[PDB]
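Next up: a single chain in structure tokens, the form deposited in one PDB entry.
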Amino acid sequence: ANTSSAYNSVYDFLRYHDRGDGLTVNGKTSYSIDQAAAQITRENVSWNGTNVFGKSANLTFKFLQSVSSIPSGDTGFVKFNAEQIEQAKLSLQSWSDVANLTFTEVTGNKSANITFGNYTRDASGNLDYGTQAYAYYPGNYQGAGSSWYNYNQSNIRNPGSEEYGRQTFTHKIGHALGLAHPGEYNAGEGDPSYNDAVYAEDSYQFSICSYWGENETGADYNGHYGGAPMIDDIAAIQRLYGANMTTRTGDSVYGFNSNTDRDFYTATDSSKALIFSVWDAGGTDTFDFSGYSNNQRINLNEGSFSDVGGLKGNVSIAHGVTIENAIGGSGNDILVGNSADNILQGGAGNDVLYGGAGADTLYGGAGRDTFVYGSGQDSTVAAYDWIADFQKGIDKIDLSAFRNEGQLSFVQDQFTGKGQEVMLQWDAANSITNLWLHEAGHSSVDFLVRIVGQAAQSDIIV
């Protein structure tokens, strides 16, 4: 089966960052999402106790205004400033969006599950401008749930403008909810590296609690830091506390023209860098990546990674989530849909669209676009695709995957019954071309793509 390069680019992108299933990546063992999640929850502790899973929690948090001591022995306490308060609340919300958690602020003398405070000096009273931050697991002991940040670091004081600050807040709150570093190390013990990782997917691409940069797994965020839980963090936190099924249950738009009211899902112009793993609990949803000019690769399959706005591996979709639609930008893109009915819009540029299973509606947009079919099940009669903007002599429909069972032949107006034949039928009253494919092994003609517009035999790649 010598397939086309368009089909091959689909086949390959579908397998981008494959994981688990006895693979080995970077010479390391590969963990599935669930295995990573179990690893990141290995301490088996949460605010509900030890070995307690799937249980929701209503927690309190507090910005300490003074302290009698700090449990690590650091000193020079300094309270949260206004920007730190707002970003920390944004991090909290990023967790509660995905797991069944509620956060309620307390003040005064009230105790709280999670606290926030800065330090500036060590126990000897000397200025500390080297460290970053740390936090304590849930539990009943003194300091359980407390998180502490080095105020002499500008990223900690200005986390709204220095991405590592917000990231750090999300990470440390994670530990305070019960999550661990994917690998058994802790900042300040020798000189560990990614080579020390237990599993390949121990990196920022997969967990915001990882020690290691996204580059260690092949992703590239161009110097930016994602500020929200990543795919393995979502599975992990949900393991402890349950998934939040009330989040964004309407028709949700992620990227440009977003209606999320979440900074990490929202791009207001082309310079914005998106780094997120999406959680969405209902409705018909869209990845609008329309404002970028880079060549992008957008995959709608749950658990899968995309390359958006010039970054690599920066967008993923959490396990348990179904996103329905995608819009590329002016670059030459690949859009891969999932088993749901997807609307895909390639935008300008020469795009490759693959709707996969389900009744998909495809707009190639401006440019020389290619609509790819990988199997008879992609477009059955009972649930057929529409291609709604096909341009004869310009776009292509690619059926080369079918060569693996004998190359298709075109017929003009009738099928012979031998199978593996492709026919185009014009319906003048409606201006629709029906593309029929009689596949080997099928007694009846079971594959149909309807096209709003004319198409020529030479537009069809067999």
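Residue positions are given as counts along the sequence shown, with the first one as 1.
Separately, the form deposited with a partner chain bound exists; it is not shown, and the next lines address it.
Peer 1: Decide whether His175 counts as a contact residue for the partner chain in the entry with it bound under a heavy atom distance cut-off of 4.5 Å.
Peer 2: Contact check for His175: yes, within 4.5 Å of the partner chain in the entry with it bound.
Peer 1: I'd like to know whether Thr168 contacts the partner chain in the entry with it bound, with contact meaning heavy atoms within 4.5 angstroms.
Peer 2: Output for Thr168 is yes: heavy atoms within 4.5 Å of the partner chain.
Peer 1: Can you tell me whether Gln132 touches the partner chain? I mean in the entry with it bound, with a 4.5 angstroms heavy atom cut-off.
Peer 2: Looking in the entry with it bound, residue contacts with the partner chain include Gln132, since a heavy atom lies within 4.5 Å.
Peer 1: Taking 4.5 angstroms as the cut-off for heavy atoms, does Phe390 touch the partner chain in the entry with it bound?
Peer 2: Heavy-atom contact with the partner chain at 4.5 Å: absent for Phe390.
Peer 1: Just to confirm, with a 4.5 Å cut-off on non-hydrogen atoms, which of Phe80, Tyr136, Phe264, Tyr151 contacts the partner chain in the entry with it bound?
Peer 2: It is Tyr136.
Peer 1: Among the candidate stretches 160-168, 226-234, 106-114, 288-296, which one is within 4.5 Å of the partner chain in the entry with it bound when only heavy atoms are counted?
Peer 2: Looking at the other structure, the answer is 160-168.
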